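Listed here are the chains, written in short residue letters.
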Amino acid sequence: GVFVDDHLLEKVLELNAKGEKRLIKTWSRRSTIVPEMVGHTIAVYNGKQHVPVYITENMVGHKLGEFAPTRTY
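Okay, so let's go over this structure.

The rules we used
Residues numbered from 1 in each chain as written, not as in the entry; some residues may be left out. Heavy atoms only, no water. Helix = DSSP H or I, 4+ residues; strand = E, 2+ residues; numbered from the N terminus. Buried < 20%, exposed > 50% of the residue type's maximum accessible area, 1.4 Å probe, protein only. Pairing = 2+ DSSP bridges. Axes fitted to C-alpha atoms, helices over the stretch in contact; angles between N-to-C directions. Contact = heavy atoms within 4.5 Å.

### Notes on unusual backbone geometry
Inference 1: A positive phi angle is found at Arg71, which is not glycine, with a value near 55 degrees.
Inference 2: For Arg71, the location among the structural elements is in the segment after β3 (50-55).
Inference 3: Residue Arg71 is classed as exposed on the basis of its relative accessible area of 70%.
Inference 4: Of note, the phi angle at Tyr73 is positive, near 55 degrees, even though the residue is not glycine.
Inference 5: Turning to its location among the elements, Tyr73 is positioned in the segment after β3.
Inference 6: Residue class for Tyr73 comes out exposed when judged on its relative accessible area of 100%.

Following this line, the structure appears as structure tokens:
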């Protein structure tokens, strides 16, 4: 159903421990955001591209539709 790139978390927990607000790339398949991304631009792997989305404490929970919920087309 939905999976969160653990490979991105392994790098975001490091940014949450030092306090660095950088970006974390991902290349799995159903890459989704998490709570640890509330201050990072993680390039979630949409299946073909890495979209570095700076997640806040409200866009996480899906994958990127919460960061780009601007209707369709």
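### Side note on the sheet that holds β3
Inference 1: Strand order in the open sheet formed by three strands is β1-β2-β3, and the pairing between neighbours is mixed. Sheet topology places β1 (23-25) and β3 at the edges, where each strand pairs with a single neighbour. Ignoring which end each strand starts from, the neighbouring axes of this sheet average 25 degrees apart.
Inference 2: Here β1 runs beside strand β2 (residues 40-45); their pairing, made up of three bridges, is parallel. Residue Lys25 lies in a different strand from β2, and its bridge partner there is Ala43.

### Focus: the environment of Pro35
Inference 1: Relative to the helices and strands, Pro35 is located in the loop between β1 and β2.
Inference 2: Note: C-alpha distance between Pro35 and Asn58 (23 residues apart in sequence) is 8.9 Å.

### Some words on the environment of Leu64
Inference 1: Within the fold, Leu64 resides in the segment after β3.
Inference 2: Taking the relative accessible area as the measure of exposure, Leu64 reaches 25% and is therefore partly exposed.
Inference 3: Separated by 18 residues in sequence, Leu64 and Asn46 have C-alpha atoms that sit 8.6 Å apart.
Inference 4: In this view, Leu64 contacts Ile33 and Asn46; residues no more than four positions away in its chain are not counted.

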